[PDB]
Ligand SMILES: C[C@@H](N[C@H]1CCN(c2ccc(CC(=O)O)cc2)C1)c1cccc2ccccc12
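First comes one chain, alone, set out as C-alpha cells in the form solved without this ligand.
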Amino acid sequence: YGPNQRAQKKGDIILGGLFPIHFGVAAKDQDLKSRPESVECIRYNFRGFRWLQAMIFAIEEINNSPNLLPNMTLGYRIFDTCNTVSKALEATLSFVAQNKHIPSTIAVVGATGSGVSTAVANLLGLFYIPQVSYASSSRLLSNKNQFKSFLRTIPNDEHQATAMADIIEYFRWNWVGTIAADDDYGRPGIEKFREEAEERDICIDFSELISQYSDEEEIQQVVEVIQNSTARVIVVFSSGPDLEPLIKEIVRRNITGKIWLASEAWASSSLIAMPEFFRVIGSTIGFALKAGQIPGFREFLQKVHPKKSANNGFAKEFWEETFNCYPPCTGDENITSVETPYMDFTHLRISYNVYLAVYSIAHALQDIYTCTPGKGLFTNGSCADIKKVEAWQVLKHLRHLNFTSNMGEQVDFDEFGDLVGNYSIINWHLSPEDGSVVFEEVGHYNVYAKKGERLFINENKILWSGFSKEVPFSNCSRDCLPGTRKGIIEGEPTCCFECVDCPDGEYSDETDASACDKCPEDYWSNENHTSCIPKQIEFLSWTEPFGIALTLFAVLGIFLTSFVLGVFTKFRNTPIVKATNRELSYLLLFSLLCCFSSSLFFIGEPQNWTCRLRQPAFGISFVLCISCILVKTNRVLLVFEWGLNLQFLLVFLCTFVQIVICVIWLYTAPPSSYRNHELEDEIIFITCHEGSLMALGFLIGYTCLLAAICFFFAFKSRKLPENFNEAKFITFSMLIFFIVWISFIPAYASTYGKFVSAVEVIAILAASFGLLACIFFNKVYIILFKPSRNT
C-alpha cells in the first residue's frame, strides 16, 4: 500500500506522481544492532509542493473541461520522494502492484531526479508503463534500448553543455575549472562539456566531484584545489542540495575571486541564492528554461488549507512547516502573510513542465477515445477501447502524440522521447529593495539556429563582481605583445606558456606568435623586432663631407693645371727656358690632367664600368707621367745611339708594356663591382673585388720599379746645376712618390669597403699633386717672377 503520507483521489483512470516534497533523509547510519526501520526525510521544499499543486490543478482542470475525455474522470495517487531512491522505489512498487481491488495506475508523472528517474524507469519499463518526467534531463535517459517507456517534457542536457562552451568562448576565456555532482546528472554533462571545450581550444585546470554525503575532508580537498589554482571561471554542473555543503565551506573559508557558471538545476535554487552566500560567490551567470503561462494558477495556490484537503495529505505538513503549528495554532491564517518560495515566484518553469506532462497524457487518452474503427494504430488497423485501456496502448499513442499547447505551440516528442526548448540566460543580481537575490535575464540561447550563431548575450546588463563593468581576465598566461614568441613550459598544458624575445635579424608583428621570421637579405629587424627596415647600404658618396673635400682637391688641382695651360698658350713661342722640348711639357701636362681626372672614378656607387675603367685610367695616366719625367732627363742613351719621335719611342714603348697587363684584366678577370654583408651584419658595403690580385701587384710593382730606376739614375747625376739644377727636383718628386706609396700599401691592405677606395684615391691624388708642384713650381715661379732665362 506504499507510504501513508500521500495524495489520493479516485477515478476511472489513475495517474502516478513523484515529487520532492522534502530535500533528503536523516543521516543516521544504521549500525544494524537492531532491526532497521523506515528512514525519515528532514528538510522541507515549498517548490516541490508548488509543483504538486500544479499537477493537481492540471488534473482538476482536465476533469472540468467537457471536451477532453467526457463522461470520464481522472484520479491520482501522488507520493513523495524526499530526493532519495528508496522512497521512489517503494512508491513505484506500490504502483506496479496489481500487474503481477487495487487501482491500476496507467501513467507516472514525476521522478524529478535523473538518478531517481533512472531507477524508477528501470522498474516501470519492465511493465511498459509510460513515465513522463518533467525535470530529469540526463542524456542517459535517451537510450531507448534501456528505458523503453520514458518520455520527458524538459530538454536534454547536451545543448546546455554546448551553451556553456559557447559562453566561455564568447567572453574569450581559456582557463576554467569544472565541478560536477557525483551523480547521473553531473557526470555525463561534465563529460560532454569537457569534449566540447577541448574542441574549442579551452584548457581545463581542475575537475572534482561532490555530493550531499561527502565527508568533511573531501570538501577540504576540493576547496584546497580550488584555492591553489589560478582559474577564475568555475563551471558547476550540479543541483542545489548536492552543492550546499561546498558553498557553506567556501563561505566559511571566504573565497571571493571566482566566477560561477551555474547549470540549470541550481541557477535558481533557494538553497544557494541567499545573500550571505551571494556576498562570497559574487558573479553567477546561469541558464534557465523558458517561462510558461498557466492562467488562473495563483488563485488555486492561495486556497490550500489543512482541513479543506482530504484528497491532498501533504497540506497538513505544509501548514506546519509554514506556520509552526500543532506551538499549536488556529488553522485560519493567511498564506500570503509569510514569504516562502511557494508563491514568491514570477516565472513558472518546472511547474509548466508538470502541467504540460499531465495535459499530454490526457491528450493521449483523448486520442485513444476519439478513434475510428478503421484507422487505428494497432494491428490490422484495429484500435483500442478506453473502457479497458492498458498502459502499453497509452505508450503507443504517446510515441505518436502531436498536439497544440494552449500557448499556441506544437508539442510532440522525438524518437528519443524528449522535447526541445530555447534557454534563457540569467545573471544573479542583488535587489536594492530587499537584499534578496533576484534573477534578471540578460541573454538567450536559441538552439534551432545553425552552429555558431545560437548564443545572444546582452553584455551591458551583466554586473561583474558586484561593482565593476569590464570582463574579468581568466586566461592562464598573459598574452604578450609582438616582438615576442610563445615558449613551452613543459608539464603545463598548451594554454600556459612563457614568451621569449625574438633575436636580432628576426621579427614578429603579430600577437600570439608561434615563431619569429627572418626578413630578406637587404632587410633587417628593427630595434623592437616588429618590422624589418631595409638594411642600410653604405659607400662613398657626393653629398658626404669627405666626398666634397676630395672633390674640392681634385677640381682645384685641375684648375691649377688649366691655369698653367692657359699661361703657356699665352707665351708659347718664347724658348727663354722652353728651349727644351715644349712637346714633352705639353705631354706631361695632359698626362697629369688624365691623372687628376682619374679622381672622379671613386666618388659614386661602384658599378662594373666605373672601377673596370678606374684601374686602367689611373694606370695609363700615371705611367705616362712617370715615363715622361724619366726620359725628361739627359740624353745619355741618345748620345750612345726622327726628330723628337725617337724619345717618344721610349714612352710609347714603356706605356704599352703596362698596357699589356691592362688588357689582361679585361680578358681574364674584370674587377667585379659587387656587394658584401658578412663584415657588418647591419650595414651592407659595395666595392670592387680586383680581378687578379697578383696582377695588380705586378702593375704597381712595374710602375714603382720604373720610378725607382729613375730615382737611381737621377740622383747619380744629383749635382748638376743645369736648368736651375732639376736633379734635386726630380729626386724630391720621386721621394714624394715613394713616401706616399709606402704610406699607402699597409694601411690600404687592412681597410674595409669605403676606406679602401678612400685611401687609394687620396694616395694617387696626393702623389700626382706633389709631382706637379715639385716639377713646375720653380720654373713657373721664375718665369712669373724674374723674366731672365739665358743660361
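Start at 1 and count along the sequence shown; that's the residue number. Basically, rigid core = biggest C-alpha set you can superpose within 1.5 Å across the two forms.
Separately, the form solved in complex with this ligand exists; it is not shown, and the next lines address it.
In the bound PDB entry, this ligand lies within 4.5 Å of some heavy atom of residue 760. Contact check for residue 44: no non-hydrogen atom falls within 4.5 Å of this ligand in the bound PDB entry. In the bound PDB entry, no heavy atom of residue 671 sits within 4.5 Å of this ligand. This ligand is not drawn, but in the bound PDB entry it has no heavy atom within 4.5 Å of residue 557. When this ligand is considered in the bound PDB entry, only one residue from 619, 286, 483, 177 comes within 4.5 Å through any heavy atom, namely 619. Of the listed positions (118, 615, 360, 508), a single one reaches within 4.5 angstroms of this ligand by any non-hydrogen atom in the bound PDB entry, namely 615. Just one listed stretch, out of 718-726, 27-35, 63-71, 743-751, contacts this ligand in the bound PDB entry at the 4.5 Å heavy atom level, and that stretch is 743-751. Just one residue from the list 278, 128, 568, 413 crosses the 2 Å line for C-alpha shift between the shown form and the other one on a rigid core fit, and it is 568. Superposition on the rigid core between the shown form and the other one places the CA atom of residue 745 2 Å or more away from its counterpart. Fitting the two forms on the rigid core leaves the C-alpha of residue 755 displaced by at least 2 angstroms between the shown form and the other one. In a rigid-core overlay of the protein, residue 68 has its C-alpha displaced by under 2 Å between the shown form and the other one.
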